[PDB]
Amino acid sequence: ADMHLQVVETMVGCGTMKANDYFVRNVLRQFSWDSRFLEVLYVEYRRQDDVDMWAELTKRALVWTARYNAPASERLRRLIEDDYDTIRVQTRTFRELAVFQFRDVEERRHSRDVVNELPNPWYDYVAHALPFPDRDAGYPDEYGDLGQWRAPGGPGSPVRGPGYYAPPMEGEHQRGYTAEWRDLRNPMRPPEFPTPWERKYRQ
Amino acid sequence: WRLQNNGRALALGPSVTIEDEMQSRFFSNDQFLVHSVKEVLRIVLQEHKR
Amino acid sequence: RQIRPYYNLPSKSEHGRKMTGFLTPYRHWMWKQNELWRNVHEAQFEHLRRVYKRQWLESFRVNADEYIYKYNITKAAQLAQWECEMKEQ
Amino acid sequence: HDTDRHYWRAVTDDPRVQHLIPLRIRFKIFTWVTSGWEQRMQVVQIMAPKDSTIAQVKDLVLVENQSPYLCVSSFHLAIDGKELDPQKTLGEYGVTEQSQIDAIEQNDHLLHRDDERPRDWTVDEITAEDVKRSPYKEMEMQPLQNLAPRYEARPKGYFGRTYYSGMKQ
Amino acid sequence: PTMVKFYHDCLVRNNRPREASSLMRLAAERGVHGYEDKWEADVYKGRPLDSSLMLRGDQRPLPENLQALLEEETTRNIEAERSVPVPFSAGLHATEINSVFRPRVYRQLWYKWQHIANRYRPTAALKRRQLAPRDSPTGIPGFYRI
Amino acid sequence: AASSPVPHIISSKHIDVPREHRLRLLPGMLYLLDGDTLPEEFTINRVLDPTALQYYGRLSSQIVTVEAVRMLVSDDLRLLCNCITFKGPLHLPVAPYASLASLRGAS
Amino acid sequence: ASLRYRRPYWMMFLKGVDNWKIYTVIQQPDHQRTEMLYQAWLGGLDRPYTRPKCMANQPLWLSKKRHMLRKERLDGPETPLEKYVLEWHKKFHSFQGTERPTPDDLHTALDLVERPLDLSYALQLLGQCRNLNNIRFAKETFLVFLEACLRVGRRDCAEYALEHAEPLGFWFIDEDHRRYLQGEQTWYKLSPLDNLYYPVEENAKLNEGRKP
Amino acid sequence: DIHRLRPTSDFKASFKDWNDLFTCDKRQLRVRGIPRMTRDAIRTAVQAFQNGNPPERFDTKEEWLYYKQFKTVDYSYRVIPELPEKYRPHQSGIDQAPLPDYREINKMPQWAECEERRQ
Amino acid sequence: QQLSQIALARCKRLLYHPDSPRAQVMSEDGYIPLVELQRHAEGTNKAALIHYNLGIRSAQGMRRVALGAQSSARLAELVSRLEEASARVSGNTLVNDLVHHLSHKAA
Amino acid sequence: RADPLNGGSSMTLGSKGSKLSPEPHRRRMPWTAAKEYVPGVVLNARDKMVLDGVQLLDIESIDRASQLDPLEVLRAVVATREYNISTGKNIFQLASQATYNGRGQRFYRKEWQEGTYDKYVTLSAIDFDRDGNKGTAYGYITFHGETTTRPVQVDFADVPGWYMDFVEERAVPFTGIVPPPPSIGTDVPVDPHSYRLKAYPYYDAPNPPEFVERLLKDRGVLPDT
Amino acid sequence: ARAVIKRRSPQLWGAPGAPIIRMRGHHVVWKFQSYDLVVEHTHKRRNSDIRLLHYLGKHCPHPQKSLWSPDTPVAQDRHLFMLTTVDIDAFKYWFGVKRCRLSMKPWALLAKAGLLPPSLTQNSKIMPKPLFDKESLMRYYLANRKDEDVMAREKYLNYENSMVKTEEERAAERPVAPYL
Amino acid sequence: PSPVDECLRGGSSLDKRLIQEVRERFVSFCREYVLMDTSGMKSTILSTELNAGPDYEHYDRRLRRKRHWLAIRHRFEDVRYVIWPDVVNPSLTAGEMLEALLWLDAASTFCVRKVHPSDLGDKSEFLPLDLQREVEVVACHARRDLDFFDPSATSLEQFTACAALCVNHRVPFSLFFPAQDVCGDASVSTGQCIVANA
Amino acid sequence: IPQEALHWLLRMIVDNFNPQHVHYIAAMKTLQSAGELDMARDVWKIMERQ
RNA sequence: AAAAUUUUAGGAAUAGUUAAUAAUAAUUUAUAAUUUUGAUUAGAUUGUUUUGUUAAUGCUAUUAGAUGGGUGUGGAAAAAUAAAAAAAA
């Protein structure tokens with residue numbers, strides 16, 4: 001399709017009034033054409049002797065954009081808008097123009113207002129979109145309690161062993177239960193951080 | 001009303017021209033030398049445009 | 001739900017619904033006036049929807065970077081300590 | 001979905017690696033100039049394995065002839081006019097990429113074809129339905145729009161007001 | 001009444017409206033207790049048992065060379081409709097789907113001369129919490145079991 | 001065919017494949033010929049149904065006026081040939097190189 | 001709402017059946033016996049029969065057979081028009097049929113009138129041919145209809161048809177026919193083969209000389 | 001008043017005037033002695049009028065009464081028929097299909113006889 | 001010629017599209033109960049097919065087909081034998097493919 | 001889906017419309033696909049006060065004792081014809097009248113021509129059932145000049161409310177084939193004096209003053225009484 | 001899709017449907033009733049052990065007197081207080097990336113926090129709804145239309161990206177002389 | 001016990017109608033074995049059943065098929081000379097004899113093979129039967145009748161099945177065709193007869 | 001939006017996954033095709049920091 | 001999909017059965033499978049660190065649910081009742 005596009009653009013620039021005929025015969029129904037074709041054909045149309053011929057050609061081009069699934073681009077729409085006085089070819093939707101009206105007036109009013117220019121932490125940003133806290137709130141407590149018999153706790157419980165005494169444990173399990181597991185009721189030190197940042201919080 | 005393009009056949013004519021060549025890894029040494037000259041010209045072009 | 005005004009096409013049927021569901025061309029026109037007033041509300045709603053999408057999607061980038069930095073320090077230190085313990089064993 | 005690999009292997013092992021040479025095959029084509037029917041030349045890039053036979057090379061050329069005009073009648077491969085034996089290996093003819101080889105199209109018709117072999121057939125027996133481009137031409141690394149990115153809508157252990165422990169596991 | 005029920009169901013399963021209707025009329029006339037409102041008209045009055053085609057009286061037989069074609073078509077259509085298998089069955093007629101029968105004794109009952117073929121009573125007759133409090137045996141082992 | 005030379009669309013009398021390979025190789029095949037002559041060993045059924053002929057209206061008007069449409073059923077009733085006879089010159093401009101310009105019946 | 005979930009799926013878009021609830025329970029033994037006895041009551045079968053499980057209305061073959069095995073209300077035609085009416089209902093009312101009548105068939109129906117009862121039959125056929133089968137009458141349709149009316153002697157019928165011709169489908173009523181029925185010109189045609197202004201009582205009135 | 005269980009039209013005498021109707025809140029509306037549903041209907045209609053929607057809606061009482069004569073368990077807008085115990089003629093005692101009297105029904109009508117006499 | 005061509009084409013179909021819908025088989029005069037069910041149904045709308053989720057699945061003697069170890073091994077010899085003894089079995093592109101299919105599936 | 005009403009906008013669950021997309025929302029409910037429909041309750045229901053005062057006869061009432069006077073049967077015919085035409089005309093009822101069954105002429109429904117909406121079907125084929133009022137019709141849809149390329153079946157061809165304006169030029173014999181009417185701009189050039197386009201994919205009709213007055217009175221902006 | 005529908009709680013588009021912010025209550029007399037902003041399915045799940053998708057916060061519908069009056073008294077700090085806890089990060093996650101639905105009561109509650117605009121149903125009884133005219137709207141749009149690049153860049157900043165580096169920051173990040 | 005058992009009551013077997021009755025009952029018994037629903041059937045050597053049959057509760061899953069096969073073999077020993085009488089008007093048609101032979105052959109092909117220690121019978125009783133003599137009898141009765149193999153579609157299946165029986169049971173396939181086809185020829189194999197008369 | 005490619009690359013890290021060279025290549029390719037060259041360099045820096 | 005945690009004063013046998021299979025829909029092959037480390041059946045019987053009590057890893061208590069023959073429809077049977085979760089203006 002780009003080859004036909006350059007052909008059409010060359011015709012329009014050269015000023016022959018057959019670019020539209022070539023577009024209809026060669027690239028309209030047989031190709032998946034963007035609206036740059038029409039951005040060129042609109043300049044081609046604008047040179048028509050009859051203002052009504054210009055307008056009708058524009059409207060037919062829009063109907064082509066609808067029938068063949070090629071949306072009208074913003075540049076094409078603005079090109080057609082810039083001639084709204086001579087040809088009254090509407091180019092913006094009855095919803096789009098209403099939202100433009102309301103949003104634009106609101107935005108100019110908001111910018112010209114001074115108080116509402118102040119920052120708002122609730123609407124400005126999100127803080128800590130991560131799944132886990134960025135610091136240790138102390139929890140969990142990996143030790144049971146005196147009234148608790150369910151020592152390992154099972155699926156959802158963080159407790160890993162009974163509160164005070166347990167059966168004999170071996171290797172890493174004994175090491176963890178004796179020393180390394182989180183003991184959250186300790187009154188002298190809180191649970192201990194990894195190696196590089198325990199030293200700098202020792203005191 | 002219009003002529004569509006089913007998943008089976010490209011039935012509307014391409015919307016962009018493409019080059020009929022292998023990938024850069026399947027070229028010969030001299031073929032990739034031609035490709036190298038082409039690509040340095042392409043970079044000259046993009047820098048001129050920039 | 002869909003409003004059935006008293007003055008749309010009535011179905012003169014005694015074996016079903018007594019009012020059809022079509023509408024006078026005036027009801028077609030006024031419905032747009034209500035549709036548009038609703039659309040200006042939808043513009044800001046969707047706008048904020050996408051803006052909040054972006055805000056959450058960006059705050060993740062900042063937080064994950066700091067987490068990645070600290071966690072990589074943690075990982076290097078832990079691996080070194082583990083190697084020392086393995087050497088002793 | 002039984003693609004026959006059930007683990008992540010980031011390497012490419014030997015069986016999928018093939019030794020191949022980039023041959024060019026010349027074709028006798030006629031172009032219409034103002035006078036009429038000027039003779040011209042058309043080429044097709046083929047990646048034939050080093051050990052392939054000339055019949056296999058011809059059959060491969062049948063497969064990259066996307067052009068509806070080029071490979072339509074039975075043809076034979078030749079070197080500077082001397083026709084090639086279809087059951088002769090490339091090495092026995094000494095043909096290399098710098099070898100001018102022509103395809104003379106005998107004016108028969110109804111060239112018997114068998115698309116039963118997918119254009120992208122490796123030992124791994126993958127069959128991508130779209131055969132619009134050869135594997136040697138496909139980039140194979142591009143954004144896939146026929147899908148939707150899905151976020152995690154199922155909280156694991158933490159659902160609400162206070163993250164005590166997160167009910168991990 | 002049990003015999004009448006079983007035989008009527010068998011005749012309906014075997015596509016015998018004549019015998020089923022005659023049995024219903026016979027049971028209604030003899031006054032078997034379950035069947036005294038089941039008397040129904042005889043739609044085969046003045047018809048033979050063994051040697052044709054049934055006509056309403058406002059119908060005439062087609063010319064014989066054509067009646068033969070029609071009966072040939074009708075037997076073929078009837079057998080074609082009969083052949084197709086009905087899904088979510090097991091080749092089981094509706095009269096024998098969900099059709100478990102065990103004797104009278106199987107649900108907490110004993111012999112009686114007049115109950116010749118007595119299907120065990122529905123399990124809904126007795127409730128556990130109606131027979132004994134919670135966490136206590138109801139003294140009816142085997143009940144509630146098919 | 002009016003604007004490009006397509007290879008095997010204009011041909012001789014008829015593709016003469018063996019009677020045993022006819023139904024294997026022939027179906028899906030298409031070709032144009034000069035003058036109305038029908039293949040061998042076929043039963044001809046000329047479609048007269050307006051509901052079926054309405055579908056060539058854009059072919060009959062904007063491309064070529066269609067004389068006739070016929071369905072040729074093999075004697076074994078296993079293969080079928082839709083054959084359409086057109087009259088007159090093309091309503092489309094035909095290129096000098098287009099394979100259809102090599103047809104006496106057209107142009 | 002929709003009955004998609006209140007009745008089996010083979011009854012979707014079903015309307016106008018006896019009581020679509022019957023065929024949800026026909027599977028019971030009692031309702032199956034009722035169905036077979038009902039088929040025997042309807043007649044047309046030599047063996048016990050039940051409607052197919054996934055069908056509510058009678059099967060097409062069975063309905064065609066029972067329509068063929070239906071004795072016509074007449075049971076003895078006295079006149080060729082009675083025989084032709086029996087043939088008309090045989091041909092254009094057979095069962096779920098396709099062939100429409102035609103103006104020439106209507107002409108044959110109208111030209112076999114000998115009794116005013118026959119003309120009543122022919123007018124019923126005309127009504128069916130104008131309303132049920134929206135076929136254009138021919139140009140001479142009104143000619144044959146007027147002749148059928150006069151040969152049996154009912155001028156009021158033809159006058160009423162002229163009064164309501166467009167609704168009757170008489171798109172072409174000849175000027176002479178219209179003029180005769182609306183008063184003057186007591187003749188309505190000139191016999192080409194006989195050279196007489198019909199009706200013959202009117203020809204004997206005006207034209208006293210016969211010519212070939 | 002559109003609903004059979006919201007008889008707003010029964011309380012025309014419960015308000016003194018237009019402004020009395022439009023100013024009374026839910027509490028005073030209940031105090032005047034109005035059912036819950038009628039109260040809510042009146043309040044919602046008044047508020048819709050305030051927002052600019054006049055009380056212009058189709059009275060559904062006749063539709064719902066037509067649909068109430070069937071056995072829709074959920075009071076939906078289906079139509080569920082009733083299947084009586086006996087639904088066939090032979091079952092209702094009718095021995096066999098009626099036979100028409102062809103001689104009786106094939107007699108020349110009186111208009112036909114009179115006109116045939118006339119000829 | 002026709003028989004050999006179709007046999008080789010079937011071999012290629014079963015080799016290059018194993019278990020594919022185009023490589024399925026069915027009992028000859030196979031009983032497709034969906035068609036029979038549709039024929040004997042009160043179909044008011046002839047688009048809502050009854051018993052769809054089962055009828056579309058079920059058909060007599062319907063299977064997915066593919067080459068096993070024994071089939072591939074025997075078909076290799078038979079394909080090579082269909083060729084003349086003078087031909088190079090190395091350059092056949094179907095014996096090689098069958099051998100690689102065996103090796104890949106065994107691995 | 002292909003055609004969201006307002007993009008992806010789920011503010012109130014009415015923002016999507018009363019139909020989320022034109023395509024059917026299930027592969028097993030093809031009849032739910034979005035299309036233009038007509039009020040069959042009112043259109044198909046003829047007025048029976050015309051058949052009042054005439055004794056119709058069953059088609060099976062072929063017996064002689066139950067047949068009516070010739071004048072009575074003629075009155076029944078007239079009453080039945082007026083009953084059928086009471087609500088409107090079928091495309092088939094118009095085609096039967098037409099010379100070549102209407103082939104070539106353009107049929108339209110009443111609202112296909114009302115403000116901003118311009119559409120009609122150039123007939124291409126009719127197949128009448130035994131009941132000539134029913135059947136199947138085909139044609140080329142023309143929408144604001146743009147026309148289909150092939151004939152498609154006309155929906156609601158049975159429902160009354162169709163119109164036709166005969167012209168001898170368009171009629172085609174059963175020998176010939178209706179030529180598809182040209183697409184304005186594609187097949188034939190555009191000429192403002194011949195066909196001037198009423199609307200186009202970004203045009204919305206101006207607000208009627210009576211409608212704005214009515215809506216303002218409803219809203220309460222204007223002092224009604 | 002049930003033969004007999006749940007007559008008292010009908011819904012749209014079946015179960016479990018899209019997620020939705022509802023303002024769930026408690027089976028308690030109003031005198032103690034309080035609500036909780038929760039994210040859940042359209043068809044409330046009372047089968048699984050997981051009733052809801054996320055717990056956004058809690059609302060107390062009973063005003064509480066300002067216990068904080070003496071602390072730096074600001075304008076009208078003695079008016080009664082309506083207490084609410086809200087999870088803004090999770091709300092933004094579910095609102096933006098998950099495109100969940102929002103009920104009107106929660107929408108009105110959140111409009112008080114500066115997180116959303118006033119609801120569609122929070123309509124002032126005084127101003128009537130607007131009346132739109134295509135010609136006037138077109139005249140306004142043409143009179144003050146933005147330009148293509150500024151419009152596109154505002155859209156890009158709002159939706160696609162907000163951390164776009166300056167030339168100075170690119171130069172700062174750019175590596176230096178040794179290049180190792 | 002089988003209905004063939006109740007037919008073979010030591011009565012005057014030389015009755016045409018009794019012969020068709022016996023033939024149809026034996027054919028039905030063989031079809032019942034061949035199309036038997038073997039879903040839950042299990043034959044695993046179980047030590048507990050050494051000095052007894054399979055448990056009463058496991059009669060259907062373990063004993064039924066084996067008993068059916070033994071019954072078929074034993075009733076065959078009694079009925080074969082009645083249905084396919086040796087070659088010296090005949091009571092049964094060649095087609096009926098062929099159908100009975102084919103169903104018997106199918107049962108023999110799908111005989112029971114696993115011999116449990118509990119069995120008191122002979123091991124040889126768990127092996128396929130040999131039907132060479134019956135095939136030869138059917139061959140005599142088929143050659144004596146013309147147009148046995150007609151162009152009818154089912155006749156293709158009959159030809160295939162007949163060739164199968166002849167190949168399996170070591171009997172020349174030529175016997176199924178008139179002796180004039182074999183006159184002047186020393187020996188024609190089943191394959192040659194197939195490729196000639198197929 | 002193109003940022004989502006970088007977000008999904010970072011979620012691999014946060015989930016204690018080791019992204020592979022193919023993941024890095026895909027992220028860089030997609031971001032470059034979208035025109036986010038600074039984000040592509042950010043992906044490279046993430047790789048290096050890993 | 002898997003791992004893992006049950007009860008009975010008078011303690012024993014269980015089975016539409018285990019694995020293999022070119023077997024969708026098993027005519028096949030095997031020295032198969034469950035159980036004294038307490039099975040099967042029968043009896044009791046939703047589970048249930050939430051209840052209560054105590055110095056107590058003891059004793060004690062409990063209602064989240066689920067549901068192979070009623071339409072084969074539906075994305076999914078959860079479908080004969082619905083303090084209401086607002087259900088396309």
# chains A, B, ... in the order shown; residues from 1 in each chain; ligands from 1

$ closest_atom_pairs --of "chain N" --to "chain K" --cutoff "10 Å" --atoms "only C-alpha atoms (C1' of nucleotides)" --output "JSON lines"
{"residue": "N:64", "atom": "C1'", "partner": "K:49", "partner_atom": "CA", "distance": 6.4}
{"residue": "N:65", "atom": "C1'", "partner": "K:47", "partner_atom": "CA", "distance": 6.3}
{"residue": "N:66", "atom": "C1'", "partner": "K:47", "partner_atom": "CA", "distance": 8.9}
{"residue": "N:71", "atom": "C1'", "partner": "K:3", "partner_atom": "CA", "distance": 8.7}
{"residue": "N:73", "atom": "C1'", "partner": "K:1", "partner_atom": "CA", "distance": 8.9}
{"residue": "N:74", "atom": "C1'", "partner": "K:1", "partner_atom": "CA", "distance": 7.4}
{"residue": "N:75", "atom": "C1'", "partner": "K:14", "partner_atom": "CA", "distance": 9.7}
{"residue": "N:76", "atom": "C1'", "partner": "K:15", "partner_atom": "CA", "distance": 8.9}
{"residue": "N:77", "atom": "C1'", "partner": "K:2", "partner_atom": "CA", "distance": 8.7}
{"residue": "N:78", "atom": "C1'", "partner": "K:2", "partner_atom": "CA", "distance": 9.1}
{"residue": "N:79", "atom": "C1'", "partner": "K:2", "partner_atom": "CA", "distance": 4.3}
{"residue": "N:80", "atom": "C1'", "partner": "K:4", "partner_atom": "CA", "distance": 5.9}
{"residue": "N:81", "atom": "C1'", "partner": "K:6", "partner_atom": "CA", "distance": 7.1}
{"residue": "N:82", "atom": "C1'", "partner": "K:6", "partner_atom": "CA", "distance": 5.1}
{"residue": "N:83", "atom": "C1'", "partner": "K:27", "partner_atom": "CA", "distance": 9.1}
{"residue": "N:84", "atom": "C1'", "partner": "K:8", "partner_atom": "CA", "distance": 5.8}
{"residue": "N:85", "atom": "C1'", "partner": "K:44", "partner_atom": "CA", "distance": 5.8}
{"residue": "N:86", "atom": "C1'", "partner": "K:11", "partner_atom": "CA", "distance": 8.0}
{"residue": "N:87", "atom": "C1'", "partner": "K:11", "partner_atom": "CA", "distance": 4.0}
{"residue": "N:88", "atom": "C1'", "partner": "K:12", "partner_atom": "CA", "distance": 7.7}

$ atom_distance --atom1 "atom CA of residue 55 of chain J" --atom2 "atom CA of residue 79 of chain G"
25.6 Å

$ select_by_dssp --residues "chain I" --states "alpha helix (DSSP H)" --output "JSON, numbers by chain"
{"I": [2, 3, 4, 5, 6, 7, 8, 9, 10, 11, 12, 13, 14, 15, 16, 33, 34, 35, 36, 37, 38, 39, 52, 53, 54, 55, 69, 70, 71, 72, 73, 74, 75, 76, 77, 78, 79, 80, 81, 82, 95, 96, 97, 98, 99, 100, 101, 102, 103, 104, 105, 106]}

$ residues_around --residues "residue 54 of chain I" --least-positions-apart "4" --cutoff "9 Å" --atoms "only C-alpha atoms (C1' of nucleotides)" --output "PyMOL selection string"
(chain E and resi 87) or (chain I and resi 34+58) or (chain N and resi 72)

$ write_last_selection --atoms "N, CA and C atoms (P, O5', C5', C4', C3', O3' and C1' of nucleotides)" --output "PDB file, in the first residue's frame"
ATOM      1  N   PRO E  87     -29.027 -40.594  24.679  1.00  0.00           N
ATOM      2  CA  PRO E  87     -27.860 -40.325  25.524  1.00  0.00           C
ATOM      3  C   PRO E  87     -28.239 -40.249  27.001  1.00  0.00           C
TER       4      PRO E  87
ATOM      5  N   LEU I  34     -24.701 -37.565  16.340  1.00  0.00           N
ATOM      6  CA  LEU I  34     -25.226 -36.204  16.310  1.00  0.00           C
ATOM      7  C   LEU I  34     -26.144 -35.996  15.113  1.00  0.00           C
ATOM      8  N   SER I  58     -18.509 -37.371  20.053  1.00  0.00           N
ATOM      9  CA  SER I  58     -18.594 -38.815  19.880  1.00  0.00           C
ATOM     10  C   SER I  58     -18.828 -39.181  18.422  1.00  0.00           C
TER      11      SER I  58
ATOM     12  P     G N  72     -32.492 -31.903  27.991  1.00  0.00           P
ATOM     13  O5'   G N  72     -30.936 -31.838  28.321  1.00  0.00           O
ATOM     14  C5'   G N  72     -30.303 -30.586  28.546  1.00  0.00           C
ATOM     15  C4'   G N  72     -28.871 -30.582  28.072  1.00  0.00           C
ATOM     16  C3'   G N  72     -28.579 -31.444  26.845  1.00  0.00           C
ATOM     17  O3'   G N  72     -27.629 -30.790  26.006  1.00  0.00           O
ATOM     18  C1'   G N  72     -27.209 -32.130  28.642  1.00  0.00           C
TER      19        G N  72
END

$ interface_residues --of "chain A" --to "chain B" --cutoff "8 Å" --atoms "only C-alpha atoms" --output "list in words"
residues 1, 2, 3, 29, 30, 31, 32, 33, 67 and 68 of chain A

$ closest_residue --among "D:108, D:125, D:102, D:14" --to "chain F" --atoms "only C-alpha atoms"
D:108

$ residues_around --residues "segment 92-94 of chain G" --least-positions-apart "5" --cutoff "10 Å" --atoms "only C-alpha atoms (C1' of nucleotides)" --output "PyMOL selection string"
(chain G and resi 64+67-68+87+99-101+133) or (chain J and resi 59-60+130)

$ closest_atom_pairs --of "chain K" --to "chain C" --cutoff "8 Å" --atoms "only C-alpha atoms" --output "tab-separated table"
residue	atom	partner	partner_atom	distance
K:89	CA	C:56	CA	7.4
K:92	CA	C:52	CA	5.5
K:93	CA	C:56	CA	6.1
K:95	CA	C:49	CA	6.1
K:96	CA	C:53	CA	4.0
K:97	CA	C:53	CA	5.0
K:99	CA	C:49	CA	7.4
K:116	CA	C:48	CA	7.7
K:117	CA	C:45	CA	7.7
K:120	CA	C:41	CA	6.8
K:129	CA	C:37	CA	7.3
K:130	CA	C:37	CA	6.8
K:131	CA	C:33	CA	6.4
K:132	CA	C:33	CA	6.7
K:158	CA	C:51	CA	5.9
K:159	CA	C:51	CA	5.5
K:160	CA	C:54	CA	6.9
K:161	CA	C:54	CA	7.3

$ interface_residues --of "chain N" --to "chain E" --cutoff "12 Å" --atoms "only C-alpha atoms (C1' of nucleotides)" --output "PyMOL selection string"
chain N and resi 7-8+41-45+68-69+72

$ interface_residues --of "chain L" --to "chain N" --cutoff "12 Å" --atoms "only C-alpha atoms (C1' of nucleotides)" --output "JSON, numbers by chain"
{"L": [32, 33, 34, 35, 36, 37, 38, 39, 40, 41, 42, 43, 44, 45, 46, 47, 55, 57, 58, 59, 60, 61, 62, 65, 66, 69, 106, 107, 108, 109, 110, 111, 112, 113, 114]}

$ atom_distance --atom1 "atom CA of residue 86 of chain K" --atom2 "atom CA of residue 153 of chain D"
19.2 Å

$ residues_around --residues "residue 21 of chain B" --least-positions-apart "3" --cutoff "10 Å" --atoms "only C-alpha atoms (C1' of nucleotides)" --output "list in words"
residues 18, 24, 26 and 27 of chain B; 44, 45, 136, 137 and 138 of chain D

$ residues_around --residues "residue 69 of chain C" --least-positions-apart "4" --cutoff "9 Å" --atoms "only C-alpha atoms (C1' of nucleotides)" --output "list in words"
residues 64, 65, 73 and 74 of chain C; 49 and 50 of chain M

$ atom_distance --atom1 "atom CA of residue 53 of chain L" --atom2 "atom CA of residue 130 of chain L"
28.2 Å

$ interface_residues --of "chain E" --to "chain G" --cutoff "8 Å" --atoms "only C-alpha atoms" --output "MDAnalysis selection string"
chainID E and resid 9 12:13 15:18 20:21 43:44 52:56 58:62 70 74 77:78 81 94:95

$ interface_residues --of "chain J" --to "chain B" --cutoff "7 Å" --atoms "only C-alpha atoms" --output "list in words"
residues 147, 148 and 149 of chain J

$ write_last_selection --atoms "N, CA and C atoms" --output "PDB file, in the first residue's frame"
ATOM      1  N   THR J 147     -23.124   0.737  -1.456  1.00  0.00           N
ATOM      2  CA  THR J 147     -23.946  -0.437  -1.701  1.00  0.00           C
ATOM      3  C   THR J 147     -23.121  -1.699  -1.502  1.00  0.00           C
ATOM      4  N   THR J 148     -23.805  -2.778  -1.134  1.00  0.00           N
ATOM      5  CA  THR J 148     -23.152  -4.071  -1.046  1.00  0.00           C
ATOM      6  C   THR J 148     -22.625  -4.486  -2.414  1.00  0.00           C
ATOM      7  N   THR J 149     -21.754  -5.491  -2.409  1.00  0.00           N
ATOM      8  CA  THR J 149     -21.215  -6.031  -3.647  1.00  0.00           C
ATOM      9  C   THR J 149     -21.986  -7.246  -4.135  1.00  0.00           C
TER      10      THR J 149
END
